[PDB]
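# Structure at a glance
Each chain, letter by letter, is given below.
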Amino acid sequence: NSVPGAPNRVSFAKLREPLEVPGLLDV
Amino acid sequence: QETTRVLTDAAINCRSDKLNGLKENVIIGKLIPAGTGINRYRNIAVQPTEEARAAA
Amino acid sequence: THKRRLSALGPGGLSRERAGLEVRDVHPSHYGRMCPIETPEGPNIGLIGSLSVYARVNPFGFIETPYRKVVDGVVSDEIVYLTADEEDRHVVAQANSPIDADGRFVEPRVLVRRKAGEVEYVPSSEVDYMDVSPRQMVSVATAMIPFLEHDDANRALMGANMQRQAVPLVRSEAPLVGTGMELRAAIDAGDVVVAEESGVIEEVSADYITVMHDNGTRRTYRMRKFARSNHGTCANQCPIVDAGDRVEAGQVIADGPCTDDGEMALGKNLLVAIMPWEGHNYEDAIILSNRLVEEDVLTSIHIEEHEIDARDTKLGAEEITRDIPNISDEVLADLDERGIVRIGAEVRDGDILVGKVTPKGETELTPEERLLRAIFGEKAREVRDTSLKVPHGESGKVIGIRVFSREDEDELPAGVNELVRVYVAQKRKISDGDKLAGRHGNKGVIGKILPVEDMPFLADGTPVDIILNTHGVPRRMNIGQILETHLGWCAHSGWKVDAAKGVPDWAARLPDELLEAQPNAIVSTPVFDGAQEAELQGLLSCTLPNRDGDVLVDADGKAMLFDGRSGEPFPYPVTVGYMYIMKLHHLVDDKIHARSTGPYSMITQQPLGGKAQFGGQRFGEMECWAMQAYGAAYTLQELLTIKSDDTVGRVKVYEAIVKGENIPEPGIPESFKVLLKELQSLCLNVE
Amino acid sequence: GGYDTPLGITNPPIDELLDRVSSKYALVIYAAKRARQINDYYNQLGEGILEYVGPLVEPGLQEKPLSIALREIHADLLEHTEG
Amino acid sequence: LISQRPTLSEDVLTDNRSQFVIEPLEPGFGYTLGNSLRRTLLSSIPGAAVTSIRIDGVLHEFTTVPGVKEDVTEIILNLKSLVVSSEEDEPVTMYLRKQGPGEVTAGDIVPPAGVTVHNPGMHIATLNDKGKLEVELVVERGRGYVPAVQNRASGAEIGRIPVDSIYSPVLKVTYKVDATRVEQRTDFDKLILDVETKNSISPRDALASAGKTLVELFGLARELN
Amino acid sequence: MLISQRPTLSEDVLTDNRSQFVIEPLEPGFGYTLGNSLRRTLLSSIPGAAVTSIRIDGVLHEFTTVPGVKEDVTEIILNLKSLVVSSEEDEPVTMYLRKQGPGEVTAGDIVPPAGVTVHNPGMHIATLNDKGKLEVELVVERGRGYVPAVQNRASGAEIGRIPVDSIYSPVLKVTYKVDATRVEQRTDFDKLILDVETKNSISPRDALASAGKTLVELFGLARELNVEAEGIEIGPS
Amino acid sequence: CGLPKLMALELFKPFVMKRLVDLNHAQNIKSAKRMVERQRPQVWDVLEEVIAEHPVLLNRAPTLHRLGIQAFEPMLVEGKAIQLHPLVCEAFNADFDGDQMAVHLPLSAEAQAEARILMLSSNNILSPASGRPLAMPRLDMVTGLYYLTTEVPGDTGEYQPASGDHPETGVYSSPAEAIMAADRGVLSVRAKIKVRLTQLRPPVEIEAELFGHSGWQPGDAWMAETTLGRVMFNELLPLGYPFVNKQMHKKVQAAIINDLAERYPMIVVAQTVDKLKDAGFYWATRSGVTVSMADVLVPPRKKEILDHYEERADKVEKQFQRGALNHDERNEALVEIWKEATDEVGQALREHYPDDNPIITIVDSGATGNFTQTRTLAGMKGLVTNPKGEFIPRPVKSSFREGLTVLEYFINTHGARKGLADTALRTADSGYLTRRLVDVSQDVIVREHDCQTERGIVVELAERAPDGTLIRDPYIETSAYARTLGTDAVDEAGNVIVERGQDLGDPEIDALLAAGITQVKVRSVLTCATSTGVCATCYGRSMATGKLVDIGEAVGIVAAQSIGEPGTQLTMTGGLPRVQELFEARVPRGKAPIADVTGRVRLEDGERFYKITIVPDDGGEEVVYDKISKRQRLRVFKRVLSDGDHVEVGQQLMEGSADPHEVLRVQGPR
Ligand SMILES: [Mg+2]
Ligand SMILES: [Zn+2]
């Protein structure tokens, strides 16, 4: 989630990660 | 290998080469000394039998 | 993927051979930092990779990595950006650990990475850092292959490097199944326009959109349409919203090429069986129904740009115009009034692109040509005909004309006064021979485009899409594709697990609202956090009929089918399902090429190699030594003389062919004599 | 032997064909010289007559002179010696 | 033996599709005849399709229309969805213009005499206030698929934009057999067949036509010898 | 639809009753569309007569023994099986084969009633050891295609009469394949090859026309809904 | 050979222009050329004739062996790809991943002849290196054939011979009879039957049985019990070939093909193989061998054996913790434990699967892949090696069907990338070695029919049995066949079974086995008396010709490529560098001493290595041997070396290998 135009794709997450993805271009 | 050092003392000996290998005829492009190259095949005589020449 | 790339070769870096093979290896410090999978499969393996996803950089040029420090049998929630060295100080177990819902754990004896990079069942008191998450050791592209933990790294890396070689189709549908990567990928991808400020839409266009910022202020967003990529692929941007809409900041507003509904899209979702059919699916041979072709499901846009300059010679200034030397009129039809062709005109290889001309100078004409002029009243026109013609194997309309003129104050390089660049596109249908591949490394060329009717098909008359060969599967260790296929069939079908008597046990810990599924709903799996096969089996048991009472597939993922050729059912049920696939940037036309005779050398006497020009194929050391092995000598001699160096002999043989007469004899090679002169001039008595 | 019919480029069976030449090689050279003879025949047909004989078997509609030579060979109507 | 020829029975399913079954049949034959008709119907049915159209504002497939959201090629795929039946074989032409903000539906089209769409609800495009439309259409009877012919091969003007054609009145086919095959040798088949017209004609309409073409084929080998 | 090209039929005469057929060109690809169909047709389209179940004196339940002769029961059976003999009678015809003494029984040795017409009477079937006498009756009728040896119509009809198969197809062997003649000028039309071999009863030529008529009789069903429908016309011969 | 019409269109431009100006279609050549630019469809028509019967060449570099190119009959084809016959793919080692190829074109009549005879497709079937065929059927067609030849016990209406209530009810007078039956829903293809044949040569035994004189299949008549599958299979073959009645394994196939080539003419062989390919695809279609995850069973009792070996390793780890064993001790112990676990697991896995599993059935036929790939698929993967090369004591305990963990996958990556790195290095060294070799022997050609020498070597020839038989050596075909006796094989100190001057293939060899003799002075290149190269006689049969080679051959190069080709597959001194240094004539690392005279040994070992000396039998100087590393080991043979062991004059002292030079200087050339 956490995205405005996120089309609903259900996933099989058995876990829950604390952190989300970083800014890939920050490199 | 070591084309320079090979060639140099080769010419020093002034060894002429007989052109009888095959790589020779390769790089010179003249017909190879092998396969269809030898004289027994490359100098074949061929023509119609004069029997059939009677036919034609 | 090009960005976030890692390489040690370069200035300061080691050159290729100077490095030992060991640097190519995968040192255990690499874990979670450099994805060990993604790397070029050519002769640079181990030399270049990329970053793990959640990695991050030291100000000192190191990999500062987050970690979940655990304390007191309880994982904290403080991310810890760690380098590798300090990591050796410490004790890190795995994210996939039976945490007691609280940081507390379940069993004492736990896997953990050792300072030597080693693993043991640590008693569950000793660790001080837990993994931030699964897949912390994955690359970006690696992050985008479901079931990845079921197949070998070999085909894995193969599909990985291939997946960057995808080609943007014109329709750009999204896959039914995926990961969590497909959206974040695009939102960093950039080329999909993102909502800057939250707001209500103002007005759209096919080229831009007027946006109403929430307080007064507004803005447009110029869609990039038909922008030529660095590889001839189109770069359209279509808007995905309405002028009466309202969105929020950082939100998608228009997909890019390979983007569908905001997330990535690298192909289509296709129903396939796996039988060996007619041998046409022999050794990666890949068959195709015409249905996609006539449905344009595989349709590429290509943008080839051509450019030519306006130099100035000693003979004067180069010229561009409809005025030409000896030439037809119809060939001078679709030009503009002043040389160059007209926008929107169809073209074909060899056709004229731009009418350009320069003086050639003066030479005594042949008496013959002079005679033709006399009988024909034809002038000299010493200015030489130097126009622009389309090279071989090219067609399609010309979109836009880019024109530059020194007279226009267009800054141009010296010895130049006018520049023009041209844009032709050709809507390439898919065609046989082209290379496709799933997301598993499982790949291959297009075997044969078969019509729709002559096709194995369902009991519902629904024809199959394609067919792959089972025999490539085992020895390649790529069951993940089978997994994907089963999953995709389940996804297209939709289910509704009857949780009437509690829950079927496999569904017990399964997340809710998976208990049914609308057909053709989209889903995804984390790489290491994917569905189990038992879960999939319980799903496949629940496969609600499509329209009629229709359980097309068994509980085993197969089904009975009909040969559109034979008429009969096949003797067995067959694996089938929906797979997502890509199209590679190795089209047939990019590779197909032959030649008889073209522009000879300048240094040597030799008609130019290189498929950019004609070019052709070099018959060197491997099949020479070979021909000698065969014993056939004359063919080799002909190749190495009259196709290689005999200046006179070349035109001689050409004449002889034109006249229908026995071949002349092979003359002396040219490079031979050249080497001879060289040896001479080396102060060497030669004879 | 009773096996099958050949087809086009494989006609006639080289299995049979080698049965009269000593080696494949002399066969090849034999054929090539005859074929050049044939081509010279056609080239000289426009001009005056010469001892250039052949073909003997009725040549096909559009047949390679090589092919014609081969077929006459299997017909066994020639004569040759090594070099 | 069985002294009777079979019988062609009918079952209506819907307008756009219905069922057919026939018997008595010979054992080990129904699949044969069924794939026969399937291979037939899927391709050998004369249809009628748009050929290639033109609009004033455009020069080629790879441009835009002022005012619309969609583009040329988007409209291309949309129109490729279209359905229409001709009556004659000479190339007739329909047209379409439009103005103001709005949707473009299939019903929007001005058709010439003899032509008729069969799903006016087919969305085409949407426009704005500046949204302005004109278009001419090239349509013709045919059979099967053709790729778009080259306009250079033709002589038409640069506004022309060739489009592939799929003369498929048929939508989808399938069936199943009925192995009577009792243990008395009083055995026979029964083809549980289904048809799916794509809004152009009725299943029987396409079916009898196909059978006529088949009779064309067989008689060639029937009595010519 | 205008045919735009007209396929052709040139039968090939192989060995006597093994004639061959070829046809082209084709709308790619009708070969699979129809050759297989016609195959199964000729396999199961034309009537034919054949033995139903013979009865033999003496032997009661031991299905393997034959005194006075050399061949066993089943050899007799199979030899019977390949008997080309016809009749105009849509009924169960019975028959007789009778002889004593040593020697051999063959095809023509039978007593033919009305309608029966053996097409290879100079065909050995059975041998006679030493003075042995046989009197066997035969049950032939006619039908189509080919049947397994049907089980007992009754529970047990008679201890003597014993079932057999019935090769009601006068055709014997059928095969084919598809081709791609003239793929550029004809834009990949197709060429059918047809290998048929049948008994001396009729010519494969004739059987071909017969089965073709039968099939068109079938497809008249298909056409007889809207004969006023656009069909792909071939034009005249 | 397939061909993009567009391509060849550009190819024969000179030919086509000539032939068309021959027609009244282009006034000058220039008209022809621009017309080519215009492609007026009759251009395609004359293109047809000009393409008619003109050979071509086809190249997939890199080439290793002689078949890197051959000659094919072109034929215009739609599309823009190179349509290739299936069977040549194994020759080119050319998958359909998208590898390109090159296509050359001969011009002279002489070049055309060279192609049309030598470089032809059909003329090249067998291994020029190893005599066996190369267009032999494979994975998919082989699959179909295996399905076709297997027999289904308890199948659809089998031949069930049971009178008293019905006939045997499985007999069929004609194959066509059975055809019609199984075409009806009557018979499975693999149900056993008893039909009577008249058109196929039965086996030698029964055929001689009925006849003895002439089993000739067009008109003879005879019965047999098989399935219709084997029926049709034998039907494919030429008439003269007798019946088979077996389940065609790939090996069986190869043997059959070898027989055919060795006895019949080529053109029959090619046609036969083609029909094979065709029907093979036909039935591989029907085999229905596909792969669902439900097709992949796992070891149902795996976990308990897992636990057994785990308890073992646990005790081992505890005892290492004891310090009773050091680090590497417990390492190797774990290595052994997990290897044993792997072995037992593969045992249970192999026994567990039913036989109809296509997953197994592939390797079962021997189409491809090994059982280890199976175990990796389902069950447990086991050990992943140190990227250095050592083994990781973890190890993997799952198969792909279970899916790995992060750590497991990471571990497997080590050996994965290591192997893929080695892949290029090995093929690189291969070409280097090849260049060395062929540059060595570039000028070795036959020049003489016979050197007429009488030197020649004798062969072990299927060593005697101690219980007493001529138990066949394994490595005889690679040695005995295509050889020329200079001697004459007498029999029983009597009649000569076989004399000087024969080719020494199968039947005579078999007769020699019957005779009971295991030594044969055969000619060899080593004894080819010719000065300038070799004689035809001492060379023997060509592996590819099947007959005695002509005198125009440079066999040296063929042998060169013969060696160089397999070098790619040489998966590791114990490998490729071993081979090199052998050809290098170097003093190997494992230089083991060799005897210099017979006698017992003055075997003796100093500190930290061995210190030995020869017991001379002349006698004289006990040949002393001093730096005998304790890491070295006494050469075991006959029992391992022991002190006072009477040895020979050239017996290798230690294990390993001394240089070729000293073995020369001791026991000379031969
Ligand atoms: Mg490859
Ligand atoms: Zn010798």
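Residues numbered from 1 in each chain as written, not as in the entry; some residues may be left out. Chains lettered and ligands numbered in written order. Part of a larger assembly, values for the part shown. Heavy atoms only, no water. Residues with missing side-chain atoms left out of burial classes, pairs and counts.

This is how it is decided: UniProt positions are given in the numbering used here, feature names are shortened, and annotations may be inferred rather than shown by experiment.
Under the PDB entry, the name given to chain E is DNA-directed RNA polymerase subunit alpha, and the source organism is Mycobacterium tuberculosis. As deposited in the PDB, this entry carries the title "Mycobacterium tuberculosis RNAP with RbpA/us fork and Corallopyronin". Reading the Catalytic activity entry of the UniProt record for chain E gives the comment "RNA(n) + a ribonucleoside 5'-triphosphate = RNA(n+1) + diphosphate". Taken verbatim from the UniProt record of chain E, the Sequence similarities comment is "Belongs to the RNA polymerase alpha chain family."

Under the annotation held in the PDB entry, chain C carries the name DNA-directed RNA polymerase subunit beta and is attributed to Mycobacterium tuberculosis. Under the UniProt heading Subunit (unreviewed entry), the entry covering chain C gives this text: "The RNAP catalytic core consists of 2 alpha, 1 beta, 1 beta' and 1 omega subunit. When a sigma factor is associated with the core the holoenzyme is formed, which can initiate transcription."

### Examining the interface of chain C and chain E
Our working definition: A contact between two residues is defined here by any heavy atoms of the two lying within 4.5 Å. Two parts placed together each lose some accessible area under a 1.4 Å probe, and the buried area is that loss summed for both. Note on definitions: salt bridges are taken to be side-chain nitrogens of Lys or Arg within 4 Å of carboxyl oxygens of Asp or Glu. N or O atoms closer than or at 3.5 Å make up a polar contact, with two conditions inside protein: a donor-capable atom paired with an acceptor-capable one, and, for residues adjacent in sequence, both atoms drawn from side chains.
Each side of the interface is counted separately: chain C has 42 residues, and chain E has 32 residues. Across the chain C/chain E interface, buried area totals approximately 3,300 Å², and carbon plus sulfur atoms make up 53% of it. At the boundary of chain C with chain E, the tally comes to 3 salt bridges. Put simply, E:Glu61 and C:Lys427 hold a salt bridge, and the shortest N to O gap is 3.1 Å. At the boundary of chain C and chain E, one finds 18 residue pairs in polar contact.

### Topic: the side chain of C:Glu623
Selection criterion: Counting from the N terminus, the helices are DSSP H or I runs at least four residues long and the strands are E runs at least two residues long. Between buried and exposed lies partly exposed: a residue is buried under 20% and exposed over 50% of the maximum accessible area for its type, with that area taken using a 1.4 Å probe on protein chains only. Neither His nor the chain ends is counted toward charge; the positive residues are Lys and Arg and the negative residues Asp and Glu.
On the secondary structure map, C:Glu623 appears in helix α9 (residues 623-630). One buried charged side chain, C:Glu623, makes no salt bridge at all; its nearest oppositely charged neighbour is G:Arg60, positioned 9.2 Å away. Within polar-contact distance, the side chain of C:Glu623 engages the side chain of G:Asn59 at 2.2 Å. Ignoring sequence-local partners within four residues, the contact set of C:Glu623 consists of G:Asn59, G:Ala61, G:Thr63, G:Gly68 and G:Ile69.

### Here we look at the interface of chain C and chain G
To keep it simple, the criterion reads: Under the convention adopted here, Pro, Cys and the residues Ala, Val, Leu, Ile, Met, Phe, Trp and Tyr are nonpolar, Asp, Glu, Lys and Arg are charged, and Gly plus all remaining residues are polar.
At the interface, 95 residues of chain C touch 91 residues of chain G. Buried surface at the junction of chain C and chain G, both sides included, amounts to about 8,700 Å², of which 66% is carbon and sulfur. Contact with chain G buries surface across chain C, with C:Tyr282, C:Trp625 and C:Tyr630 losing the most and accounting together for 11% of the total. Across the chain C-chain G interface, the total number found is 2 salt bridges. Between C:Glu533 and G:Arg401 there is a salt bridge, and its shortest N-O distance comes to 2.4 Å. Within the residue set of the side of chain C that touches chain G, elements represented by two or more residues are α2 (153-163), β33 (443-450), α6 (472-476), α7 (480-493), α8 (533-541), α9, α10 (634-642) and α11 (647-659) of chain C. The dominant element in the side of chain C that touches chain G, judged by the number of residues it contributes, is α9(C), at 7 residues. Tallied by class, the residues present in the side of chain C that touches chain G amount to 48 nonpolar, 23 polar and 24 charged.

### Some remarks on the coordination of the magnesium ion (ligand 1)
As a benchmark, a tetrahedral metal site with four donors has ideal angles of 109.5 degrees, while an octahedral site with six donors has ideal angles of 90 or 180 degrees. All names here are of chain G. Condition: In this description, a donor is an N, O or S atom within 2.8 Å of the metal centre, a cutoff extended to 3.2 Å for sodium, potassium and calcium. Water is not part of the atom list, which can make sites seem incomplete.
Coordination of the magnesium ion (ligand 1) by the protein is provided by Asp-95 (OD), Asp-97 (OD), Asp-97 (OD), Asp-99 (OD) and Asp-99 (OD), with metal-donor distances spanning 2.0 to 2.7 Å. Taken in sequence order, the residues that donate to the magnesium ion (ligand 1) follow the motif D-x1-D-x1-D. A relative accessible area of 35% places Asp-99 in the partly exposed class.

### Some remarks on the coordination of the zinc ion (ligand 2)
Residue and element names in this part refer to chain G. Threshold: Just to be clear on the cut-offs, tetrahedral is four donors with all angles between 85 and 135 degrees, square planar is four donors and octahedral six with opposite donors over 155 degrees apart and all others between 65 and 115, and anything else goes down as irregular.
Within the first shell, the zinc ion (ligand 2) binds the protein through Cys-451 (SG), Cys-528 (SG), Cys-535 (SG) and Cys-538 (SG), at distances of 2.3 to 2.4 Å. Angles of 92 to 140° at the metal separate the 4 donor atoms of the zinc ion (ligand 2), which places the site in the irregular class. Counting residues between consecutive donors of the zinc ion (ligand 2) along the chain gives the motif C-x76-C-x6-C-x2-C. Residue classification places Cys-538 among the buried residues on the basis of a relative accessible area of 4%.

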